[PDB]
$ cat entry38.txt   # compact mmCIF, C-alpha atoms and all ligand atoms
# COMPACT_ATOMS: atom_id res chain seq x y z
CA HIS A 6 -13.01 -23.33 125.92
CA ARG A 7 -14.91 -20.11 126.39
CA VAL A 8 -12.28 -17.99 124.60
CA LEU A 9 -13.49 -19.44 121.28
CA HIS A 10 -16.80 -17.57 121.80
CA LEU A 11 -15.63 -14.09 122.89
CA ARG A 12 -17.15 -11.31 120.77
CA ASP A 13 -17.37 -7.52 120.58
CA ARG A 14 -20.99 -7.23 119.44
CA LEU A 15 -20.89 -9.05 116.08
CA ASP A 16 -17.08 -8.94 115.83
CA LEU A 17 -14.26 -10.85 117.49
CA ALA A 18 -13.14 -9.83 120.97
CA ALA A 19 -9.56 -8.61 121.31
CA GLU A 20 -8.87 -11.62 123.54
CA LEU A 21 -9.86 -14.00 120.74
CA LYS A 22 -8.08 -11.95 118.08
CA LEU A 23 -4.94 -12.23 120.21
CA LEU A 24 -5.40 -16.00 120.36
CA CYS A 25 -5.72 -16.25 116.57
CA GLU A 26 -2.33 -14.55 116.20
CA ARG A 27 -0.80 -17.77 117.59
CA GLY A 28 -1.45 -19.42 114.22
CA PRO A 29 -4.28 -21.33 112.57
CA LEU A 30 -3.67 -24.46 114.68
CA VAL A 31 -2.96 -24.03 118.40
CA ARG A 32 -1.95 -26.80 120.81
CA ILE A 33 -3.74 -26.64 124.15
CA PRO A 34 -2.45 -29.15 126.74
CA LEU A 35 -4.87 -29.13 129.66
CA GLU A 36 -3.56 -27.64 132.90
CA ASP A 37 -4.24 -30.92 134.75
CA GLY A 38 -2.42 -33.18 132.27
CA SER A 39 -5.68 -35.02 131.61
CA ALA A 40 -5.60 -34.45 127.83
CA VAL A 41 -4.16 -32.49 124.92
CA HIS A 42 -6.64 -30.31 123.05
CA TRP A 43 -6.26 -28.33 119.82
CA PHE A 44 -7.88 -25.15 118.51
CA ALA A 45 -8.41 -25.11 114.74
CA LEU A 46 -8.79 -21.41 113.95
CA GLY A 47 -8.04 -20.91 110.25
CA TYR A 48 -10.24 -21.59 107.24
CA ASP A 49 -7.83 -24.05 105.62
CA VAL A 50 -7.00 -26.02 108.80
CA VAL A 51 -10.66 -26.23 109.79
CA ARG A 52 -11.42 -27.68 106.37
CA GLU A 53 -8.45 -30.06 106.71
CA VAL A 54 -9.71 -31.31 110.09
CA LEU A 55 -13.36 -31.62 109.03
CA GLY A 56 -12.59 -33.40 105.75
CA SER A 57 -10.28 -35.98 107.31
CA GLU A 58 -11.53 -39.52 107.81
CA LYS A 59 -9.10 -39.86 110.73
CA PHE A 60 -11.36 -38.19 113.33
CA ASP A 61 -14.53 -39.31 115.10
CA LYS A 62 -17.12 -37.54 117.25
CA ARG A 63 -16.58 -39.54 120.42
CA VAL A 64 -17.82 -38.24 123.74
CA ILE A 65 -14.85 -37.04 125.80
CA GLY A 66 -14.27 -36.12 129.42
CA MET A 74 -27.90 -36.20 125.62
CA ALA A 75 -27.45 -38.91 122.98
CA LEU A 76 -30.70 -39.01 120.99
CA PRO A 77 -31.73 -41.33 118.13
CA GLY A 78 -31.83 -39.82 114.66
CA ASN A 79 -29.12 -37.26 115.53
CA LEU A 80 -26.64 -37.39 112.65
CA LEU A 81 -24.13 -35.24 114.51
CA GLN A 82 -23.62 -38.06 117.03
CA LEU A 83 -22.95 -40.74 114.39
CA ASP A 84 -19.72 -41.73 112.67
CA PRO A 85 -19.49 -43.79 109.47
CA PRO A 86 -20.89 -46.28 108.52
CA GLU A 87 -23.99 -45.62 110.65
CA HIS A 88 -23.82 -41.90 109.86
CA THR A 89 -23.72 -42.69 106.14
CA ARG A 90 -26.68 -45.05 106.38
CA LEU A 91 -28.99 -42.48 107.97
CA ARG A 92 -27.73 -39.48 106.00
CA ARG A 93 -28.24 -41.22 102.65
CA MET A 94 -31.89 -41.86 103.55
CA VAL A 95 -32.70 -38.22 104.37
CA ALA A 96 -30.42 -36.46 101.87
CA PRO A 97 -32.89 -36.53 98.92
CA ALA A 98 -35.17 -34.15 100.83
CA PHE A 99 -32.71 -31.32 99.96
CA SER A 100 -32.12 -31.93 96.25
CA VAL A 101 -32.25 -28.90 93.95
CA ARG A 102 -35.51 -30.33 92.59
CA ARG A 103 -37.06 -30.31 96.05
CA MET A 104 -35.99 -26.82 97.13
CA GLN A 105 -37.28 -25.41 93.83
CA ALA A 106 -40.66 -27.05 94.37
CA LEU A 107 -40.73 -25.64 97.91
CA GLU A 108 -39.60 -22.07 97.12
CA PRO A 109 -43.00 -20.48 96.29
CA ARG A 110 -44.54 -21.94 99.44
CA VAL A 111 -41.65 -20.59 101.53
CA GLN A 112 -42.06 -17.22 99.82
CA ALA A 113 -45.73 -17.26 100.82
CA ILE A 114 -44.91 -18.14 104.45
CA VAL A 115 -42.41 -15.27 104.53
CA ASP A 116 -45.05 -12.96 103.04
CA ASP A 117 -47.58 -14.13 105.67
CA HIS A 118 -45.31 -13.07 108.50
CA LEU A 119 -44.39 -9.76 106.91
CA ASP A 120 -48.14 -9.21 106.38
CA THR A 121 -48.66 -9.67 110.12
CA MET A 122 -45.80 -7.25 110.76
CA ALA A 123 -47.18 -4.50 108.51
CA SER A 124 -50.65 -4.76 110.08
CA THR A 125 -49.61 -4.75 113.74
CA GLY A 126 -47.62 -1.62 112.83
CA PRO A 127 -44.42 -0.55 114.58
CA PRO A 128 -42.65 -1.19 116.78
CA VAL A 129 -42.10 -4.94 116.67
CA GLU A 130 -39.82 -7.21 118.63
CA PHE A 131 -38.51 -8.82 115.43
CA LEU A 132 -36.98 -11.92 117.05
CA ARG A 133 -40.01 -13.28 118.93
CA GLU A 134 -42.71 -11.81 116.71
CA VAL A 135 -41.37 -12.33 113.16
CA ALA A 136 -38.10 -14.25 112.76
CA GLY A 137 -38.96 -17.01 115.24
CA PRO A 138 -42.43 -17.81 113.89
CA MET A 139 -41.27 -17.53 110.28
CA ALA A 140 -38.42 -20.01 110.78
CA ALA A 141 -40.68 -22.38 112.72
CA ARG A 142 -43.43 -22.27 110.09
CA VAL A 143 -40.98 -22.86 107.24
CA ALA A 144 -39.62 -25.85 109.15
CA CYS A 145 -43.13 -27.29 109.56
CA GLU A 146 -43.80 -26.93 105.83
CA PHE A 147 -40.46 -28.50 104.89
CA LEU A 148 -41.06 -31.40 107.29
CA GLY A 149 -44.66 -31.94 106.23
CA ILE A 150 -46.09 -31.46 109.73
CA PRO A 151 -49.89 -31.85 109.49
CA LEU A 152 -51.61 -28.47 109.76
CA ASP A 153 -53.45 -29.33 112.97
CA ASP A 154 -50.20 -30.25 114.77
CA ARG A 155 -48.18 -27.18 113.75
CA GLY A 156 -49.51 -24.79 116.38
CA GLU A 157 -48.70 -27.11 119.26
CA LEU A 158 -45.39 -28.35 117.83
CA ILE A 159 -44.24 -24.74 117.47
CA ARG A 160 -45.50 -23.76 120.92
CA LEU A 161 -43.38 -26.53 122.47
CA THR A 162 -40.30 -25.14 120.65
CA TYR A 181 -45.11 -35.81 121.96
CA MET A 182 -42.46 -36.13 119.27
CA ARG A 183 -42.51 -39.94 119.36
CA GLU A 184 -46.31 -39.91 119.27
CA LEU A 185 -46.23 -37.46 116.36
CA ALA A 186 -43.50 -39.34 114.47
CA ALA A 187 -45.20 -42.72 114.90
CA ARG A 188 -48.56 -41.40 113.65
CA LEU A 189 -47.07 -39.69 110.59
CA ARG A 190 -45.02 -42.84 109.96
CA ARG A 191 -48.20 -44.95 109.83
CA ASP A 192 -49.74 -42.55 107.27
CA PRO A 193 -47.04 -40.82 105.20
CA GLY A 194 -47.85 -37.25 104.25
CA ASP A 195 -45.74 -34.87 102.22
CA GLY A 196 -42.52 -33.07 103.12
CA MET A 197 -39.33 -34.64 104.38
CA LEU A 198 -40.94 -36.90 106.96
CA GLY A 199 -43.40 -38.33 104.45
CA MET A 200 -40.67 -39.00 101.90
CA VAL A 201 -38.51 -40.73 104.52
CA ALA A 202 -41.34 -42.90 105.85
CA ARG A 203 -42.66 -43.72 102.37
CA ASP A 204 -39.24 -44.67 100.98
CA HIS A 205 -37.62 -46.06 104.18
CA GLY A 206 -40.55 -46.92 106.44
CA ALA A 207 -39.07 -50.10 107.91
CA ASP A 208 -35.47 -48.83 108.05
CA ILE A 209 -36.18 -45.87 110.39
CA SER A 210 -37.79 -46.23 113.81
CA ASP A 211 -40.31 -43.97 115.52
CA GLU A 212 -37.61 -42.50 117.79
CA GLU A 213 -35.24 -41.94 114.87
CA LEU A 214 -37.91 -40.15 112.86
CA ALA A 215 -38.82 -38.11 115.94
CA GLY A 216 -35.13 -37.32 116.36
CA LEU A 217 -34.89 -36.01 112.80
CA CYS A 218 -37.97 -33.86 113.39
CA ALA A 219 -36.48 -32.46 116.61
CA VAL A 220 -33.15 -31.58 114.99
CA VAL A 221 -34.88 -29.78 112.11
CA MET A 222 -37.12 -27.79 114.43
CA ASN A 223 -34.13 -27.04 116.67
CA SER A 224 -31.94 -25.96 113.75
CA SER A 225 -34.78 -23.74 112.49
CA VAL A 226 -35.72 -22.04 115.78
CA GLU A 227 -32.07 -21.67 116.84
CA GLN A 228 -29.65 -21.26 113.93
CA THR A 229 -32.07 -20.02 111.27
CA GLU A 230 -34.03 -17.66 113.52
CA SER A 231 -30.79 -16.12 114.74
CA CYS A 232 -29.54 -15.61 111.18
CA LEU A 233 -32.85 -13.94 110.33
CA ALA A 234 -32.79 -11.56 113.30
CA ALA A 235 -29.07 -10.79 113.57
CA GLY A 236 -28.79 -10.68 109.78
CA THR A 237 -31.51 -8.03 109.68
CA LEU A 238 -29.54 -6.05 112.27
CA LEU A 239 -26.36 -6.47 110.21
CA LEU A 240 -28.13 -5.13 107.11
CA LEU A 241 -29.60 -2.23 109.10
CA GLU A 242 -26.09 -1.35 110.32
CA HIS A 243 -24.98 -1.17 106.66
CA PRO A 244 -27.79 0.90 105.11
CA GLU A 245 -25.97 1.26 101.79
CA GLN A 246 -26.21 -2.53 101.42
CA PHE A 247 -29.72 -2.82 102.83
CA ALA A 248 -30.73 -0.54 99.95
CA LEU A 249 -28.48 -2.28 97.42
CA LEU A 250 -30.26 -5.58 98.05
CA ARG A 251 -33.53 -3.71 97.44
CA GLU A 252 -32.43 -2.30 94.08
CA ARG A 253 -30.58 -5.50 93.07
CA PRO A 254 -32.40 -8.54 94.49
CA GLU A 255 -30.20 -10.75 92.30
CA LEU A 256 -27.57 -10.16 95.03
CA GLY A 257 -29.66 -12.22 97.45
CA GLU A 258 -27.62 -15.42 97.15
CA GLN A 259 -24.33 -13.52 97.63
CA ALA A 260 -25.85 -11.57 100.50
CA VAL A 261 -26.77 -14.78 102.33
CA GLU A 262 -23.24 -16.19 102.09
CA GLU A 263 -21.77 -12.96 103.41
CA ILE A 264 -24.36 -12.79 106.22
CA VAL A 265 -23.82 -16.35 107.46
CA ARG A 266 -20.03 -15.82 107.28
CA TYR A 267 -20.18 -12.53 109.18
CA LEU A 268 -22.61 -13.75 111.86
CA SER A 269 -21.16 -17.25 112.37
CA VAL A 270 -24.15 -18.09 114.56
CA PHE A 271 -22.84 -21.65 114.82
CA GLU A 272 -19.57 -20.53 116.39
CA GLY A 273 -17.73 -23.69 117.39
CA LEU A 274 -18.05 -27.36 116.62
CA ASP A 275 -18.22 -30.50 118.70
CA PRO A 276 -14.67 -31.87 119.16
CA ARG A 277 -13.09 -34.20 116.61
CA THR A 278 -10.86 -36.84 118.21
CA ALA A 279 -8.00 -38.24 116.14
CA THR A 280 -8.42 -41.99 115.72
CA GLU A 281 -4.70 -42.24 114.79
CA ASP A 282 -1.73 -39.91 114.54
CA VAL A 283 -2.48 -37.42 111.75
CA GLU A 284 -0.57 -34.46 110.35
CA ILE A 285 -2.70 -31.29 110.18
CA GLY A 286 -1.39 -27.86 109.25
CA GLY A 287 2.19 -29.08 109.62
CA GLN A 288 1.72 -30.52 113.12
CA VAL A 289 1.19 -34.05 114.36
CA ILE A 290 -2.12 -34.48 116.14
CA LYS A 291 -1.68 -37.63 118.22
CA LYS A 292 -4.22 -40.42 118.42
CA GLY A 293 -6.79 -39.55 121.08
CA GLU A 294 -6.29 -35.77 121.06
CA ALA A 295 -9.36 -33.58 120.53
CA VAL A 296 -9.60 -30.74 117.98
CA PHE A 297 -12.07 -27.89 118.44
CA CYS A 298 -12.92 -26.09 115.21
CA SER A 299 -13.84 -22.42 115.57
CA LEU A 300 -16.02 -21.43 112.63
CA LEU A 301 -16.18 -17.94 114.12
CA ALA A 302 -12.40 -17.51 114.04
CA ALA A 303 -12.05 -19.11 110.60
CA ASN A 304 -14.78 -16.88 109.15
CA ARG A 305 -13.66 -13.61 110.77
CA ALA A 306 -10.01 -13.63 111.94
CA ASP A 307 -8.54 -12.65 108.55
CA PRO A 308 -8.66 -8.83 108.75
CA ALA A 309 -7.88 -8.49 105.03
CA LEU A 310 -11.29 -9.30 103.53
CA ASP A 311 -13.55 -9.31 106.61
CA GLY A 312 -15.64 -6.18 105.99
CA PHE A 313 -19.32 -6.94 105.42
CA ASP A 314 -19.91 -6.67 101.65
CA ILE A 315 -22.82 -8.35 99.84
CA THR A 316 -21.24 -7.52 96.47
CA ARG A 317 -18.58 -10.17 97.17
CA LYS A 318 -19.27 -12.75 94.49
CA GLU A 319 -17.69 -15.64 96.42
CA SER A 320 -17.46 -15.79 100.21
CA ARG A 321 -14.69 -17.75 101.92
CA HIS A 322 -16.38 -19.32 104.93
CA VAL A 323 -17.16 -22.53 106.80
CA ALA A 324 -20.41 -21.29 108.36
CA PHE A 325 -22.13 -24.58 107.40
CA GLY A 326 -19.19 -26.82 108.22
CA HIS A 327 -17.41 -29.13 105.83
CA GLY A 328 -17.07 -32.86 105.15
CA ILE A 329 -19.46 -35.67 105.96
CA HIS A 330 -21.23 -33.66 108.69
CA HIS A 331 -21.63 -30.56 106.47
CA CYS A 332 -24.96 -28.93 107.30
CA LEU A 333 -27.68 -31.17 105.92
CA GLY A 334 -30.08 -28.23 105.88
CA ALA A 335 -27.86 -25.75 104.05
CA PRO A 336 -30.00 -25.84 100.86
CA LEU A 337 -33.10 -24.99 102.88
CA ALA A 338 -31.36 -22.40 105.07
CA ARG A 339 -29.82 -20.69 102.04
CA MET A 340 -33.16 -20.52 100.23
CA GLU A 341 -35.17 -19.39 103.26
CA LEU A 342 -32.68 -16.64 104.17
CA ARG A 343 -32.47 -15.38 100.58
CA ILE A 344 -36.26 -15.14 100.34
CA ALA A 345 -36.56 -13.54 103.79
CA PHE A 346 -33.87 -10.85 103.42
CA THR A 347 -34.77 -9.93 99.84
CA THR A 348 -38.50 -9.64 100.64
CA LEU A 349 -37.83 -7.73 103.89
CA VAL A 350 -35.67 -4.99 102.38
CA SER A 351 -38.19 -4.59 99.56
CA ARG A 352 -41.33 -4.41 101.70
CA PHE A 353 -39.78 -2.23 104.46
CA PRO A 354 -37.39 0.31 102.91
CA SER A 355 -37.84 2.54 105.99
CA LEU A 356 -36.95 -0.22 108.45
CA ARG A 357 -34.66 0.82 111.29
CA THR A 358 -33.78 -0.26 114.81
CA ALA A 359 -36.11 1.32 117.36
CA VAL A 360 -33.06 1.75 119.63
CA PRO A 361 -29.44 2.60 118.83
CA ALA A 362 -27.73 -0.52 117.50
CA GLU A 363 -25.17 -0.23 120.32
CA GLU A 364 -27.88 -1.03 122.89
CA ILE A 365 -28.77 -4.44 121.41
CA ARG A 366 -28.14 -7.32 123.82
CA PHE A 367 -26.27 -10.40 122.59
CA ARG A 368 -26.19 -13.70 124.43
CA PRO A 369 -22.97 -13.97 126.50
CA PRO A 370 -20.23 -16.42 125.46
CA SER A 371 -21.52 -19.98 125.33
CA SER A 372 -21.45 -23.03 123.12
CA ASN A 373 -25.13 -22.32 122.42
CA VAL A 374 -26.04 -20.73 119.10
CA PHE A 375 -25.07 -17.07 118.91
CA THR A 376 -28.10 -14.77 118.96
CA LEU A 377 -29.31 -11.39 120.10
CA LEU A 378 -31.87 -11.40 122.91
CA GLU A 379 -34.37 -9.07 121.22
CA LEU A 380 -34.50 -6.73 118.24
CA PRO A 381 -36.97 -3.83 118.50
CA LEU A 382 -37.59 -2.42 115.03
CA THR A 383 -39.72 0.39 113.66
CA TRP A 384 -40.45 1.70 110.19
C1 LIG A 401 -28.25 -20.54 109.13
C2 LIG A 401 -28.70 -21.74 109.52
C3 LIG A 401 -27.75 -22.92 109.83
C4 LIG A 401 -26.44 -22.94 110.10
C5 LIG A 401 -25.45 -21.74 110.21
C6 LIG A 401 -26.06 -24.32 110.31
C7 LIG A 401 -24.81 -24.80 110.61
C8 LIG A 401 -24.45 -26.12 110.70
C9 LIG A 401 -23.10 -26.62 110.90
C10 LIG A 401 -21.85 -25.72 111.04
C11 LIG A 401 -23.15 -27.95 110.95
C12 LIG A 401 -21.95 -28.91 111.14
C13 LIG A 401 -21.76 -29.25 112.61
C14 LIG A 401 -20.54 -30.13 112.81
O1 LIG A 401 -19.95 -30.59 111.79
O2 LIG A 401 -20.14 -30.37 113.98
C15 LIG A 401 -24.54 -28.35 110.77
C16 LIG A 401 -25.03 -29.64 110.76
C17 LIG A 401 -26.35 -30.01 110.57
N1 LIG A 401 -27.40 -29.16 110.24
FE1 LIG A 401 -27.29 -27.13 110.04
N2 LIG A 401 -27.17 -25.12 110.15
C18 LIG A 401 -28.22 -24.28 109.84
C19 LIG A 401 -29.52 -24.66 109.59
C20 LIG A 401 -29.99 -25.94 109.48
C21 LIG A 401 -31.29 -26.31 108.98
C22 LIG A 401 -32.35 -25.31 108.46
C23 LIG A 401 -31.40 -27.64 109.02
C24 LIG A 401 -32.66 -28.41 108.56
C25 LIG A 401 -32.64 -29.72 108.31
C26 LIG A 401 -30.15 -28.17 109.57
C27 LIG A 401 -29.81 -29.48 109.82
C28 LIG A 401 -28.55 -29.93 110.14
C29 LIG A 401 -28.18 -31.30 110.41
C30 LIG A 401 -29.16 -32.48 110.40
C31 LIG A 401 -26.87 -31.36 110.67
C32 LIG A 401 -26.02 -32.61 111.01
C33 LIG A 401 -25.54 -33.24 109.70
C34 LIG A 401 -24.59 -34.40 109.95
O3 LIG A 401 -24.04 -34.52 111.08
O4 LIG A 401 -24.37 -35.19 108.99
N3 LIG A 401 -29.32 -27.10 109.84
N4 LIG A 401 -25.29 -27.21 110.62
$ encode --input "entry38.txt" --output "structure tokens" --more "lines below"
Ligand code: HEM
Amino acid sequence: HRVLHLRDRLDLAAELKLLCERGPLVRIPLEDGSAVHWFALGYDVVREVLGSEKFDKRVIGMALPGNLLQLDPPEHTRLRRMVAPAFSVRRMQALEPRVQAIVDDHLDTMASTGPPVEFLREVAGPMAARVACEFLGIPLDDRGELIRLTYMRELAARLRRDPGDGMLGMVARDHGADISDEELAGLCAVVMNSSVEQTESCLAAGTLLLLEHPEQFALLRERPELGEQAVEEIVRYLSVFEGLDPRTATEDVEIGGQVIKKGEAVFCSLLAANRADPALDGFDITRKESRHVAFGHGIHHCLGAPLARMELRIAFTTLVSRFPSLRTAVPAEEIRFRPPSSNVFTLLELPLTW
């Protein structure tokens, strides 16, 4: 369903805009009669689908342990409840100064190398990866290699036998016998993946978005208290996680005024839900409350959202303050974005100068 990923730079492609005009829930019977699929395109219907207990995440026509996105209740609940305490408000507050210092480290490297910089590979990527290591509690001597590769079972088993700090230590200390080596390794892999894919892309493309709106780049500098609002507006506008794994109805269920039959698959487009409403779509960090589903909704709602929200706030606020003269080293119109795919949305490189 490639149409759900068609963009014009950061905005929706006309072809996808045209599709959204067909209403927030669109029935898509396959041309071969093999199935009936649905596109959930509106904010309310996407929330209705994702909150419903009447859908599962069955495979339809690689499964890895510790991957919450491939579990349904009650197994999903069992694993999620064991890892959830790593993201409490208490734990992000304890972690904030150390994340601030990691961000400052990478912006120190940037200011010393001097311009230009390829911001994606040289700043955003490493920053996101290093924050992930700190959150996870990766031992210092493993971080360089772990990041270079993005082994995991060997790493997870060793840390499990001697709990450290961070999320992995907490999990092994409090649930050592209830989580296997492969499941702990799977958690580690998802966190690294979500950091070097989703978070890195938000950092790089969000910097571009701010640079394309220099009034707001500067506003965040003069009013850093806007950081939290800025993050919500950035993740809404970017929608780097564009479309979700299908939800299959386990029984007939009425959604958005239509009957989704047992066995039919619903594809939620976060991109469309976040962007298709022309009314209030303009990028504006002074919006006090953003209407978006950039982190999903329901039992699979992004487990890392507290970390992502804190890391992005720290990164963007510090960046605009330390580099008021930042600008793209090429015209914004020349930036390459990855072509339509179910993979995370990202630009391919971001040359910056200052
Ligand atoms: C800007 C960055 C991020 C965005 C936009 C994002 C987005 C999302 C979305 C939309 C989902 C729901 C997928 C679905 O329901 O099919 C999700 C799930 C998840 N995310 Fe994030 N994510 C981000 C960063 C992170 C980070 C930093 C972590 C670190 C732990 C993380 C861990 C997870 C996990 C484990 C799940 C699965 C939860 C479950 O199935 O119960 N993500 N993410």
$ residues_around --input "entry38.txt" --residues "residue 40 in chain A" --least-positions-apart "6" --cutoff "12 Å" --atoms "only C-alpha atoms" --output "PDB file with C-alpha atoms, keeping the file's coordinate frame"
ATOM      1  CA  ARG A  32      -1.950 -26.800 120.810  1.00  0.00           C
ATOM      2  CA  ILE A  33      -3.740 -26.640 124.150  1.00  0.00           C
ATOM      3  CA  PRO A  34      -2.450 -29.150 126.740  1.00  0.00           C
ATOM      4  CA  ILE A  65     -14.850 -37.040 125.800  1.00  0.00           C
ATOM      5  CA  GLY A  66     -14.270 -36.120 129.420  1.00  0.00           C
ATOM      6  CA  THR A 278     -10.860 -36.840 118.210  1.00  0.00           C
ATOM      7  CA  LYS A 291      -1.680 -37.630 118.220  1.00  0.00           C
ATOM      8  CA  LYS A 292      -4.220 -40.420 118.420  1.00  0.00           C
ATOM      9  CA  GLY A 293      -6.790 -39.550 121.080  1.00  0.00           C
ATOM     10  CA  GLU A 294      -6.290 -35.770 121.060  1.00  0.00           C
ATOM     11  CA  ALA A 295      -9.360 -33.580 120.530  1.00  0.00           C
ATOM     12  CA  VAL A 296      -9.600 -30.740 117.980  1.00  0.00           C
TER      13      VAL A 296
END
$ atom_distance --input "entry38.txt" --atom1 "CA of residue 62 in chain A" --atom2 "CA of residue 276 in chain A"
6.5 Å
$ closest_residue --input "entry38.txt" --among "A:248, A:202, A:95, A:283" --to "ligand LIG 401 (chain A)" --atoms "all atoms listed in the file"
A:95
$ residues_near_ligand --input "entry38.txt" --ligand "ligand LIG 401 (chain A)" --cutoff "8 Å" --atoms "all atoms listed in the file" --output "PyMOL selection string"
chain A and resi 55+79-83+88+92+144+217+220-222+224-225+228-232+265+269-276+300+323-339+342
$ closest_residue --input "entry38.txt" --among "A:30, A:107, A:74, A:45" --to "residue 301 in chain A" --atoms "only C-alpha atoms"
A:45
$ atom_distance --input "entry38.txt" --atom1 "CA of residue 101 in chain A" --atom2 "CA of residue 149 in chain A"
17.7 Å
$ atom_distance --input "entry38.txt" --atom1 "CA of residue 360 in chain A" --atom2 "CA of residue 129 in chain A"
11.6 Å
$ residues_around --input "entry38.txt" --residues "residue 379 in chain A" --least-positions-apart "2" --cutoff "9 Å" --atoms "all atoms listed in the file" --output "ChimeraX atom specification"
/A:130-133,234,365-367,376-377,381
$ closest_residue --input "entry38.txt" --among "A:25, A:113, A:14, A:350" --to "residue 251 in chain A" --atoms "all atoms listed in the file"
A:350
